[PDB]
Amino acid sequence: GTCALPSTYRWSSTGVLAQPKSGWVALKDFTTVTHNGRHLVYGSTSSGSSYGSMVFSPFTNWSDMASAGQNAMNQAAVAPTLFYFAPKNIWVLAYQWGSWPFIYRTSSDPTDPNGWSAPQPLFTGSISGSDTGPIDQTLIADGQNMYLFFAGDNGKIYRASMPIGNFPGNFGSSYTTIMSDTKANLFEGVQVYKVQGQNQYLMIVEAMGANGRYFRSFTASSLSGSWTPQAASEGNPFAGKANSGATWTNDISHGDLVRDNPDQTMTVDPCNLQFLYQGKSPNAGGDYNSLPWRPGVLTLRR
């Protein structure tokens, strides 16, 4: 009863799933788990003049995201990563912009935007040739090691690791540069997942295409291994204008595959693959920071 990832992706898409509550112009950079049978979603927020973060009140159906409470975090967790860390029975929210290049907080109740612990350092390193520095971290463990992957708005993807026994903890300053391409080809929004029922991991990376933001996919047999391009061009993307089935947006941008198992392995089921993404009206212009990003969900077609 196991499925494989396809070599060519075709999706259907929802429309816009929610409008930002009064005071925000955008909801962004989603991370999501299923928690007690309900979708639990964190994301960045923007007023146009500053970035923050929020959690949606848990909801069973994506069609009900529009009515879900939108709960601001009192301390911003921009571009967050949410997961349950089973070896220490603790939830983790990792993010950027704070006292360190990457930061994390922990909790016993991930539904509370303000129940998170004091911030701790996740990563303290620096990268060359980047206007942003380290951006858009994700975390993923196999059975042995916890990995940090991140981007730099600069065509590179970076990786760090520690024994899982040492997590939650600080990766420190060291990293490996694992991919190098043009800025457009490997820009930001990197995510890594375990493919359930396959000896395979999936990496997606947001690229800047001629027609809008899209995702390029890569596979590996191991988290410390080499990545092989899978659906890695604008014409044959993991997800983009070419194959999203979305009419409301020409951009498929920073989000999260839907993770039914909330744990640190970031496992996705290739039999029922779905993608919570940010998109925007093709008509929306102005400064990047004020763009009206909105949540949508792609469902992989049989």
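In case it trips you up, residue 1 is the first one in the sequence shown, and so on.
For this session: Take the C-alpha B-factors listed in the entry for 95-103 and for 82-90, compute each mean, and give the stretch with the larger one.
Result: Averaged over C-alpha atoms, the B-factors run higher in 95-103.
Exercise. Between 141-149 and 110-118, which has the higher average C-alpha B-factor in the PDB entry?
Worked result: Comparing 141-149 with 110-118, the higher mean C-alpha B-factor belongs to 110-118.
For this session: Going by the CA temperature factor in the entry, name the top one among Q191, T176, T182, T219.
Result: Largest recorded C-alpha B-factor: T182.
Problem set entry | Residue of maximum C-alpha B factor among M65, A239, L273, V41, per deposited coordinates | When the deposited C-alpha B-factors of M65, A239, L273, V41 are compared, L273 is largest.
Exercise. In terms of the CA temperature factor given in the entry, to which third of its chain does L291 belong: lowest, middle or highest?
Worked result: According to the entry, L291 has a C-alpha B-factor in the chain's middle third.
For this session: Select lowest, middle or highest to describe the third in which the CA B-factor of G23 falls within its chain in this entry.
Result: It belongs to the middle third of the chain when residues are ordered by C-alpha B-factor.
Problem set entry | Position of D269 among the chain's modelled residues by C-alpha B-factor, lowest, middle or highest third | Tercile = highest for this residue's CA B-factor.
Problem set entry | CA B-factor ranking of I252, expressed as a third of its chain | As the PDB entry reports it, the C-alpha B-factor of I252 lands in the lowest third of its chain.
For this session: Place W227 in the lowest, middle or highest third of its chain's C-alpha B-factors, as listed in the PDB entry.
Result: It falls in the top third of the chain.
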